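To start, the structure itself, in structure tokens.
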Amino acid sequence: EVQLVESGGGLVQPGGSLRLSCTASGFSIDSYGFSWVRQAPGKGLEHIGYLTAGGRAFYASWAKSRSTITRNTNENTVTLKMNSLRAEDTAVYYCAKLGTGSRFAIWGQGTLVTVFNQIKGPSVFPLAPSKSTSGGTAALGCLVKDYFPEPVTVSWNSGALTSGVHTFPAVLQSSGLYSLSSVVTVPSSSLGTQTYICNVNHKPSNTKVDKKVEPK
Amino acid sequence: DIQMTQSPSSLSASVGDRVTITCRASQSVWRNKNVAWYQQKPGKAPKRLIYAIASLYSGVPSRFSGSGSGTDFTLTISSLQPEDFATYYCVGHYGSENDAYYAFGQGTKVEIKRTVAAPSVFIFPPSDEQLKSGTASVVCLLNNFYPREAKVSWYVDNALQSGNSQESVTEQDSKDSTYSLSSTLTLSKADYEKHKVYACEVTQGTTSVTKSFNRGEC
């Protein structure tokens, strides 16, 4: 069994450095060439560099500034070190033998690197629905504002309400903080009786918010 | 350096339809077969489906087939299946005797084809709790609609807002293949309390649906 596991990753303050190891098992790290790729949130795959079988680095234009792709045969690792990190560098970094002109292609699972200026838990405000104006169906939700970094997960009634839930992708507000909404459609007749609570969880700040959403 | 570009950025086909995605390379790939096709689902790592331009990997369904020639490369899905709707990247390797480089395409979403469905539009006033912090958020919800394309305009006292809204869109729902969209208008409490009528105008095709509220009437 061949395997490629990725080490390192986490919160890095801007200008700081990320160091990511890529540990192989079932084969030797010096018998193939290896790339580092990254995928920003919602964006496409972006090649960073490629270390040939001969230990020769081939960085990219934007990467040649602050990127060193080394290899350690003692520990069976290929390493990526980036300096001078910007907000555009927050992404999921993979290591891989891309497999363009070879039958052997292997990828790591990907480790997340987040460039954070501050850690800020979210503020949760109700999206209140009674006076419902959509017949027998009402909409309600939770507005999750001003948090950093990603991600937040949202459930409803501790996961007992999943039908009709729409949790939107976060957007980066001009203030530099993330925000998102989670909505759900419910019987407008159930508003006075059924309880609706959104469970917002922000692990980077160890914060969890449960918000009862009531009419008016 | 090199770059890849595919066709199109997004498409819509049916279960059993014949899908064709092309891919153009900036230069000639170093090795002739240095072209692979990657299938990536949301929240999942990329999965290589085809290497060596035309060679399928073991386990890959034979309905997939790559037919590249020079700098034009095609991914063919004979009978499109439910598990084939995803984003497809092409990746090419091109360097020299003293160079070795890759570049990915931009991607191509193979979306489900769906009959037109109008959105259920809801508007949400800012909560009183938020207003105490100095900022007002007005949210407009477009629930379970198709197609994705839609014009959402904010009006404050019949004055079209510009540059103070942000949109977010879900992926296609796994049951009805619809989209949901939110538009969030951001104002200060001072500006929010200066006006009365807040309206969200949703336009797609020949129809415009406007949901609104008066600040204070509940």
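If you're wondering about the labels, chains in the structure tokens are A, B, ... by order shown, residues count from 1 in each chain, ligands from 1 in order shown.
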Close residues, residue 128 in chain A itself excluded, 8 Å, only C-alpha atoms, min 3 positions apart in chain, as a ChimeraX atom specification: /A:139-141,213-216 /B:124,127
Please, which residues in chain A fall within 7 Å of chain B when counting only C-alpha atoms, and what is the closest atom pair and distance in Å to one decimal for each, ordered by chain then residue number, as a tab-separated table?
residue	atom	partner	partner_atom	distance
A:44	CA	B:106	CA	6.2
A:45	CA	B:104	CA	6.4
A:46	CA	B:104	CA	6.5
A:47	CA	B:103	CA	6.0
A:50	CA	B:101	CA	6.9
A:58	CA	B:100	CA	6.6
A:99	CA	B:51	CA	6.8
A:100	CA	B:34	CA	4.5
A:101	CA	B:34	CA	4.5
A:109	CA	B:45	CA	6.7
A:125	CA	B:127	CA	6.5
A:126	CA	B:127	CA	6.4
A:127	CA	B:124	CA	5.9
A:128	CA	B:124	CA	6.8
A:168	CA	B:170	CA	5.7
A:169	CA	B:168	CA	6.1
A:171	CA	B:168	CA	6.8
A:216	CA	B:218	CA	6.7
Any chance you could export the current selection's C-alpha atoms as a PDB file, in the first residue's frame?
ATOM      1  CA  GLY A  44      -8.989  26.435  -8.415  1.00  0.00           C
ATOM      2  CA  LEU A  45      -5.900  24.281  -8.138  1.00  0.00           C
ATOM      3  CA  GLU A  46      -2.675  26.294  -8.329  1.00  0.00           C
ATOM      4  CA  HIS A  47       0.732  24.738  -8.918  1.00  0.00           C
ATOM      5  CA  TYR A  50       8.025  20.583  -8.585  1.00  0.00           C
ATOM      6  CA  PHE A  58      11.423  24.299 -10.149  1.00  0.00           C
ATOM      7  CA  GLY A  99       0.809  11.698 -12.829  1.00  0.00           C
ATOM      8  CA  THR A 100       0.708  13.513 -16.166  1.00  0.00           C
ATOM      9  CA  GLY A 101       3.211  11.285 -17.963  1.00  0.00           C
ATOM     10  CA  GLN A 109      -5.003  14.400   1.953  1.00  0.00           C
ATOM     11  CA  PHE A 125     -28.185  37.569  14.987  1.00  0.00           C
ATOM     12  CA  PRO A 126     -31.640  36.168  14.178  1.00  0.00           C
ATOM     13  CA  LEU A 127     -33.253  36.209  10.754  1.00  0.00           C
ATOM     14  CA  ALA A 128     -36.780  36.321  12.126  1.00  0.00           C
ATOM     15  CA  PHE A 168     -24.330  29.688   2.656  1.00  0.00           C
ATOM     16  CA  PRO A 169     -20.601  29.875   1.921  1.00  0.00           C
ATOM     17  CA  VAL A 171     -18.078  35.867   2.301  1.00  0.00           C
ATOM     18  CA  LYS A 216     -41.381  39.351  15.236  1.00  0.00           C
TER      19      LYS A 216
END
Please report, as a PyMOL selection string, each residue of range 36-139 of chain A to which DSSP assigns strand (DSSP E) when run on this structure's backbone. chain A and resi 36-39+45-51+57-59+67-72+77-82+91-97+106-107+111-115+123-127+137-139
For residue 183 in chain B, the nearest of the candidates B:153, B:203, B:208, B:5, counting only C-alpha atoms: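 Closest candidate: B:153.
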Which residues in range 18-212 of chain A does DSSP call helix (DSSP H, G or I)? List them as number ranges by chain. A: 87-89, 157-159, 188-190, 203-205
From A:4, A:186, A:180, A:48, residue lying nearest residue 27 in chain A [only C-alpha atoms]: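 Closest candidate: A:4.
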Residues near residue 2 in chain A, anyone? I mean within 8 Å using only C-alpha atoms, not counting same-chain ones fewer than 6 positions away, as a ChimeraX atom specification. /A:24-27
Write out as a PDB file with N, CA, C and O atoms, in the first residue's frame each polymer residue whose atoms come within 12 Å of residue 160 in chain B, counting only C-alpha atoms; drop sequence neighbours fewer than 4 positions from it.
ATOM      1  N   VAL B 152     -30.080  40.587  -8.492  1.00  0.00           N
ATOM      2  CA  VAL B 152     -30.645  40.988  -7.210  1.00  0.00           C
ATOM      3  C   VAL B 152     -30.200  42.414  -6.934  1.00  0.00           C
ATOM      4  O   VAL B 152     -29.003  42.674  -6.763  1.00  0.00           O
ATOM      5  N   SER B 153     -31.159  43.332  -6.889  1.00  0.00           N
ATOM      6  CA  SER B 153     -30.886  44.742  -6.666  1.00  0.00           C
ATOM      7  C   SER B 153     -31.559  45.196  -5.381  1.00  0.00           C
ATOM      8  O   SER B 153     -32.696  44.808  -5.095  1.00  0.00           O
ATOM      9  N   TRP B 154     -30.853  46.017  -4.612  1.00  0.00           N
ATOM     10  CA  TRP B 154     -31.390  46.599  -3.393  1.00  0.00           C
ATOM     11  C   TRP B 154     -31.900  48.007  -3.666  1.00  0.00           C
ATOM     12  O   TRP B 154     -31.289  48.765  -4.424  1.00  0.00           O
ATOM     13  N   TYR B 155     -33.023  48.349  -3.041  1.00  0.00           N
ATOM     14  CA  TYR B 155     -33.604  49.680  -3.139  1.00  0.00           C
ATOM     15  C   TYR B 155     -33.919  50.181  -1.740  1.00  0.00           C
ATOM     16  O   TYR B 155     -34.593  49.493  -0.966  1.00  0.00           O
ATOM     17  N   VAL B 156     -33.431  51.375  -1.423  1.00  0.00           N
ATOM     18  CA  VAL B 156     -33.701  52.038  -0.155  1.00  0.00           C
ATOM     19  C   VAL B 156     -34.429  53.335  -0.479  1.00  0.00           C
ATOM     20  O   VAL B 156     -33.839  54.254  -1.062  1.00  0.00           O
ATOM     21  N   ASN B 164     -22.748  48.172  -1.746  1.00  0.00           N
ATOM     22  CA  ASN B 164     -22.898  47.854  -0.330  1.00  0.00           C
ATOM     23  C   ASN B 164     -23.593  46.513  -0.119  1.00  0.00           C
ATOM     24  O   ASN B 164     -24.196  46.288   0.936  1.00  0.00           O
ATOM     25  N   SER B 165     -23.516  45.616  -1.099  1.00  0.00           N
ATOM     26  CA  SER B 165     -24.148  44.310  -1.015  1.00  0.00           C
ATOM     27  C   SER B 165     -23.144  43.230  -1.388  1.00  0.00           C
ATOM     28  O   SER B 165     -22.236  43.455  -2.192  1.00  0.00           O
ATOM     29  N   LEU B 185     -27.263  43.351   2.325  1.00  0.00           N
ATOM     30  CA  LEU B 185     -27.019  44.785   2.269  1.00  0.00           C
ATOM     31  C   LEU B 185     -26.486  45.255   3.615  1.00  0.00           C
ATOM     32  O   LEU B 185     -27.096  44.989   4.655  1.00  0.00           O
ATOM     33  N   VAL B 197     -38.320  52.586   3.397  1.00  0.00           N
ATOM     34  CA  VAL B 197     -38.676  51.453   2.550  1.00  0.00           C
ATOM     35  C   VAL B 197     -37.407  50.727   2.127  1.00  0.00           C
ATOM     36  O   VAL B 197     -36.538  51.308   1.464  1.00  0.00           O
ATOM     37  N   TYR B 198     -37.308  49.453   2.497  1.00  0.00           N
ATOM     38  CA  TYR B 198     -36.209  48.587   2.087  1.00  0.00           C
ATOM     39  C   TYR B 198     -36.774  47.473   1.222  1.00  0.00           C
ATOM     40  O   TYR B 198     -37.674  46.744   1.654  1.00  0.00           O
ATOM     41  N   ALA B 199     -36.252  47.347   0.005  1.00  0.00           N
ATOM     42  CA  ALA B 199     -36.826  46.445  -0.980  1.00  0.00           C
ATOM     43  C   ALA B 199     -35.729  45.649  -1.665  1.00  0.00           C
ATOM     44  O   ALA B 199     -34.658  46.180  -1.967  1.00  0.00           O
ATOM     45  N   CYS B 200     -36.011  44.374  -1.913  1.00  0.00           N
ATOM     46  CA  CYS B 200     -35.101  43.468  -2.611  1.00  0.00           C
ATOM     47  C   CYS B 200     -35.757  43.051  -3.919  1.00  0.00           C
ATOM     48  O   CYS B 200     -36.800  42.387  -3.903  1.00  0.00           O
ATOM     49  N   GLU B 201     -35.154  43.430  -5.041  1.00  0.00           N
ATOM     50  CA  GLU B 201     -35.703  43.147  -6.362  1.00  0.00           C
ATOM     51  C   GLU B 201     -34.940  41.988  -6.992  1.00  0.00           C
ATOM     52  O   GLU B 201     -33.728  42.085  -7.213  1.00  0.00           O
TER      53      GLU B 201
END
So that I can check the surroundings of residue 146 in chain B, please list as an NGL selection string every protein, DNA and RNA residue that reaches within 7 Å of it, counting only C-alpha atoms and ignoring chain neighbours fewer than 4 positions away. :B and (114 or 116-118 or 178-179)
Output file for the selection above: N, CA and C atoms, as a CSV table (one decimal), in the first residue's frame:
chain,number,residue,atom,x,y,z
B,114,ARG,N,-31.9,21.2,-15.3
B,114,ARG,CA,-33.1,21.3,-14.5
B,114,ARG,C,-34.1,22.2,-15.2
B,116,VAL,N,-36.8,25.3,-15.4
B,116,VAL,CA,-36.8,26.6,-14.7
B,116,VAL,C,-37.6,26.5,-13.4
B,117,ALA,N,-37.1,27.1,-12.4
B,117,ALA,CA,-37.8,27.2,-11.1
B,117,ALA,C,-37.6,28.5,-10.5
B,118,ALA,N,-38.7,29.3,-10.3
B,118,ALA,CA,-38.6,30.6,-9.7
B,118,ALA,C,-38.2,30.5,-8.2
B,178,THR,N,-31.5,22.5,-7.3
B,178,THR,CA,-31.7,23.9,-7.3
B,178,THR,C,-30.6,24.6,-6.6
B,179,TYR,N,-30.5,26.0,-6.8
B,179,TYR,CA,-29.6,26.8,-6.1
B,179,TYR,C,-30.4,27.6,-5.1
Distance of CA of residue 191 in chain B from CA of residue 132 in chain B, expressed in Å to one decimal place: 13.5 Å
